[PDB]
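S.K.:
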Amino acid sequence: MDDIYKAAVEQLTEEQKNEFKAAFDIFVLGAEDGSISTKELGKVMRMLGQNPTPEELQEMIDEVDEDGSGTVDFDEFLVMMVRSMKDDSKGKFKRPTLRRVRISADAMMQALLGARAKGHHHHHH
Ligand SMILES: O=C(O)CCCCCCNS(=O)(=O)c1cccc2c(Cl)cccc12
Ligand SMILES: [Ca+2]
């Protein structure tokens, strides 16, 4: 649980955080615990056209699930937003090439919110 990102979460205004909060629920949409797990993570991942396996999804979850809970709650997910928000291009490794390869937060959230902010009508199945 990075403290710098922790502050980032608190930094997000009520409105900005609200939008991010919506994305959080989307990942766990239908989650009994409400925590974003590999299963709750892949669901949204598929929404963006991603088809990551649960076993591999665990790595993505761990990205923000430093607690080893296996699930990224609101705070854990919110960190993800700040993780790529303040991270222009830095990682523990992930080899060379677009040092980021992070779930396109831009469109990612757009899919969860179904286009919340004018523009396209929404989405089409
Ligand atoms: O061409 C390929 O085979 C790669 C397919 C693309 C999959 C990579 C994205 N995987 S991901 O689950 O969307 C993901 C990546 C990085 C950080 C994350 C955090 Cl902090 C939270 C939740 C998910 C995160
Ligand atoms: Ca956790």
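If you use the entry's author numbering, the sequence shown corresponds to residues 1 to 90, 136 to 170, in order. Here a beta-carbon is modelled for each residue, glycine too, at the ideal position from N, C-alpha and C.
Measuring straight from C-alpha to C-alpha, what distance separates residue 62 and residue 49?
M.R.: Cα to Cα, residue 62 sits roughly 21 Å from residue 49.
S.K.: Secondary structure at residue 4, three-state DSSP: helix, strand or coil?
M.R.: Three-state DSSP puts residue 4 in a helix.
S.K.: Mind reading off the beta-carbon distance from residue 147 to residue 84? Whole number of angstroms is fine, and I expect it under 8 Å.
M.R.: With 8 Å as the limit, residue 147 and residue 84 qualify as a contact, their Cβ atoms being about 5 Å apart.
S.K.: When we look at the beta-carbon of residue 162 and count the other beta-carbons within 10 Å, is it buried (16 or more) or exposed?
M.R.: With fewer than 16 other Cβ atoms within 10 Å, it is exposed.
S.K.: Is residue 46 near ligand 1, judged by its Cβ being under 7 Å from some heavy atom?
M.R.: Residue 46 Cβ: outside cutoff for every heavy atom of ligand 1.
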